[PDB]
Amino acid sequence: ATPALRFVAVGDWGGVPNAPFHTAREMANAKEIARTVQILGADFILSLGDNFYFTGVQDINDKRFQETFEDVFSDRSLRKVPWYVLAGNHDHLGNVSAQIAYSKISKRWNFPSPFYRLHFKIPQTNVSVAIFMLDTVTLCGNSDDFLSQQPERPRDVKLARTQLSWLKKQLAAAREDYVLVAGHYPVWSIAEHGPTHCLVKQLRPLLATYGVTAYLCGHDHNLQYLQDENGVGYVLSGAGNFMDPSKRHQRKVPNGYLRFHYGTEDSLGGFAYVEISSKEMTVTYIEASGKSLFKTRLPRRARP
């Protein structure tokens, strides 16, 4: 077979605060992600934030770890694959420290700090992949899923500047063959929250300049693929648990960017399956019912 790095990217999967603490959408996604890993393979899973709804977790004794995470993603195959996690606004309404500390309890759960670098090598090749995991809440401010806010400006401006500066240096320095950036809030989205102004100003210009293949996010509760004039991909995967059919911000996204949107009210939701070979990164969007919805290809570039 083609030597490839394979991963699932799933966003906004954090169940509900009413027992049984999961939705049939979350369960369907867990079941389909398990089928995907088992038959197509995966090296890891990325969570794109909003891991526990509506106010994250309190501490490492929080039952939501068991009920919303362990009980749902319980297939032996999702347990043998590492998860790399970042936070959304609803995580920040609780204790993000607790989710970080959970890394010391669960072998598969990796959340070493709010933002961090990941480095992978495609097996049997020299082809490497960096993924920079961001905390867009501390970068941009709070943005409640169920209001139409722009994250105005961060609680701690110094921490926002530190993260942005760390990211600029990481991207400038990165020697990997593919570089991906991941965070909760969208740069571009046609949906309920739409483009995050903070990220359009602060993050977007880094992406093309440093040869970033794609930015991955969730926050808008749907599946989207967008691509800009520099060929940068926007993988939006926020349909692990809820669905939102809004196209409210369709006009706030530059003409020609949107390639694919799925927000159907009667969908079980879905996720993205990413495969990276020496030739291209492909992104396959998979509905929780098991249907392939969209596939797109991003050719390998000569990076700076």
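Residue numbers here begin at 1 and follow the sequence given.
- Judged by mean Cα B factor in the deposited record, 156-164 ranks above the other of 156-164 and 135-143.
- Averaged over Cα atoms, the B-factor as recorded in the entry is higher for 246-254 than for the other of 246-254 and 22-30.
- Residues shown: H219, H90, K80, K169. Highest C-alpha temperature factor in the entry: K80.
- Considering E67, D50, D62, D266 together, the PDB entry gives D266 the largest C-alpha B factor.
- Among the modelled residues of its chain, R76 has a C-alpha B-factor that falls in the highest third according to the deposited record.
- Sort the modelled residues of the chain by CA B factor and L5 lands in the middle third.
- Per the PDB record, residue ranking by Cα B-factor puts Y262 in the highest third of the chain.
- Placement of the Cα temperature factor of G290 within the chain: highest third of the modelled residues, per the deposited record.
- Among the modelled residues of its chain, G94 has a C-alpha B-factor that falls in the middle third according to the deposited record.
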